[PDB]
């Protein structure tokens, strides 16, 4: 059988989730004889063959379509023709913003198995069994795909480990199907707002979330951060509201705090997208009055207490 992996690139760079999927594909296949087919789609995608000529890639298909980077019409058509050509049992996509643009459309047209944001996957005999979350990550939902000879999964980033080393795939080139897209990509943009600190470089962060309540409560945490020698960061609602600059936002849409050794998460529930930015931090402290908050499932230390009472006592003790 074949497992098809759709790689991902943007602005001339391969997104590393690509290699995670290759890891996932190789771990999943039932037999030594099974092959992992990787496709990279774009008008300039030949540039990525060195970076995709890696361990665990049996076949590498460069698909030239009309757009440089992601376009949902181009991708759906291309991946549909890849599935037709290679007849894979399983197709692995990243659960990425790009995939969100087409994955479920692909699955609506045909009788393909489909599940998204999957973080456990295995074969039980010849049965594909995938696990995803339910009810804001409070449960696991385990699913199968009865009678589906092709199953499309989107795979949660930063779960599956990449393989190490080079590979020697059979490289091929195909044209994407010729249909005119109903959209056209224009500029990439980074929005305004202050940018006095690169939070990917800092080692000690205090991060505030929706639990702070009103914007007038921001200042006391700024003061605490300053007294402690920490960098003040935030979850998405704080930055969406304009209360702290976007440059201080931690998570998928914001930044990954790769240099951070100590992260104090105050009034932050620990959504998957926030975790994406900080779950690697070696010492996480969570301060949150909800013992059921997801953040406690990754924190080393937890304080189930009011953040304002904690902040004021912390400030006083630091002085």
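Positions refer to the first chain, counted from 1.
Output the stretch having the higher mean C-alpha B factor in the entry; the candidates are 105-113 and 76-84. If you average the C-alpha B-factors of 105-113 and of 76-84, the larger mean comes out for 105-113.
Which has higher Cα B-factors on average according to the PDB entry: 241-249 or 187-195? Going by the record's values, the stretch with the higher mean is 187-195.
Member of 205, 166, 121, 97 with the greatest C-alpha B factor (per the PDB record): If I rank 205, 166, 121, 97 by C-alpha B-factor, first place goes to 166.
Candidate residues 233, 218, 153, 176, the one whose C-alpha B factor the record puts highest: Out of 233, 218, 153, 176, the record gives the largest C-alpha B-factor to 176.
Please rank the C-alpha B-factors of the chain's modelled residues and tell me whether residue 274 sits in the lowest, middle or highest third. Answer is lowest: the recorded C-alpha B-factor places it there.
What third of its chain, lowest, middle or highest, does the C-alpha temperature factor of residue 228 fall into? CA B-factor rank for residue 228: highest third.
Determine, from the deposited record, the chain-internal third of the Cα B-factor for residue 267: lowest, middle or highest. Bottom third by C-alpha B-factor.
Which third of the chain holds residue 31 when residues are ordered by C-alpha B factor: lowest, middle or highest? As the PDB entry reports it, the C-alpha B-factor of residue 31 lands in the highest third of its chain.
For residue 144, return the chain-relative third of its C-alpha B-factor as stated in the PDB record: lowest, middle or highest. For residue 144, whose C-alpha B-factor we compare with every modelled residue in the chain, the answer is the middle third.
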